[PDB]
Amino acid sequence: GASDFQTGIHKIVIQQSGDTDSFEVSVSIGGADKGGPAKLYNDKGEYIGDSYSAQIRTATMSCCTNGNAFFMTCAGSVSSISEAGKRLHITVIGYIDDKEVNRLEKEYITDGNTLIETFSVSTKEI
């Protein structure tokens with residue numbers, strides 16, 4: 001093939017801003033390889049499992065693999081339980097090896113009701 005085929009190390013970045021104090025945001029982190037579920041690593045470069053979830057309880061976030069993977073997934077949800085006009089922004093970006101290959105952004109504001117929403121950013125599709 002001589003087209004868009006790059007795999008191996010998968011890396012991901014998340015950001016949040018706005019009312020971080022009063023928004024839970026939780027992502028299941030994971031992937032697979034030629035060898036079962038792929039290992040994931042934290043932003044200290046150290047492995048921490050082959051499945052888990054992490055709540056965004058930082059300003060910025062990222063996770064990475066080692067070699068042997070064929071995607072990484074970062075799929076999650078938001079909630080809030082506060083007054084109206086609490087605004088939020090989320091930026092969710094996926095990378096492989098040395099390129100960016102996926103991004104979306106999302107924005108939420110409380111209207112008076114419970115806030116709930118969901119999102120997902122995978123670095124490979126079929």
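This text follows the structure it describes.
Residues numbered from 1 in each chain as written, not as in the entry; some residues may be left out. Heavy atoms only, no water.

**Notes on the layout of surface pockets**
Argument step 1. Space inside the largest pocket adds up to approximately 390 Å³.
Argument step 2. Along its surface, the largest pocket is lined by 13 residues, and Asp4, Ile96, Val101, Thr123 and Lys124 are the ones closest to its centre.
Argument step 3. Counting residues per element, the lining of the largest pocket draws most heavily on strand β11 (residues 99-109), which supplies 3 residues.
Argument step 4. When the residues that make up the lining of the largest pocket are grouped by side-chain class, the tally is 3 nonpolar, 6 polar and 4 charged. (1 Å grid on protein atoms, 1.4 Å probe; cavity = no way out; pocket = protein on both sides within 12 Å on 5 of 7 lines; lining within 4 Å. Points joined across faces, edges and corners; volume = space filled by probe spheres on them. Helix = DSSP H or I, 4+ residues; strand = E, 2+ residues; numbered from the N terminus. Nonpolar A, V, L, I, M, F, W, Y, C, P; charged D, E, K, R; others polar.)

**Things to note about the side chain of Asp19**
Argument step 1. Within the secondary structure, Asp19 sits in the loop between β1 (10-18) and β2 (23-30).
Argument step 2. One buried charge, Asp19, has no salt-bridge partner; the nearest side chain with opposite charge is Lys86, at 5.6 Å.
Argument step 3. Discounting residues that sit within four places of it in the chain, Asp19 has contacts with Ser82, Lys86, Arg87 and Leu88. (Buried < 20%, exposed > 50% of the residue type's maximum accessible area, 1.4 Å probe, protein only. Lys, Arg positive; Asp, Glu negative; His and termini not counted. Salt bridge = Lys/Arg side-chain N within 4 Å of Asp/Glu carboxyl O. Contact = heavy atoms within 4.5 Å.)

**With respect to the nonpolar core**
Argument step 1. Grouped together as the largest cluster of nonpolar side chains are 20 residues, with contacts concentrated most on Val27, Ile29, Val78 and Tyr108.
Argument step 2. Listed by contribution, the elements that provide at least two residues to this core are β1, β2, β8 (60-64), β9 (73-80), β10 (87-96) and β12 (115-120).
Argument step 3. With 4 residues, β2 is the largest single contributor of residues to this core. (Core = buried A, V, L, I, M, F, W, Y, C linked by side-chain atoms within 4.5 Å.)

**A look at the pattern of salt bridges**
Argument step 1. Using the criterion set out here, one finds 4 salt bridges in the structure.
Argument step 2. For the salt bridge of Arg103 with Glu100, the shortest nitrogen-to-oxygen distance reads 3.6 Å.
Argument step 3. With a closest N to O distance of 3.7 Å, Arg103 and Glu105 form a salt bridge.
Argument step 4. Of the residues examined, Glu105 reaches a relative accessible area of 44% and is grouped as partly exposed.

**Focus on unusual backbone geometry**
Argument step 1. In this structure, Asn68 takes a positive phi of about 60° despite not being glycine.
Argument step 2. Looking at where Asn68 falls in the secondary structure, it is placed in the loop between β8 and β9.
Argument step 3. On the accessibility criterion, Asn68 (52% relative accessible area) is exposed.
Argument step 4. Phi angles above zero are rare outside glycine, and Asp97 is one such case at about 50°.
Argument step 5. Structurally, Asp97 is set in the loop between β10 and β11.

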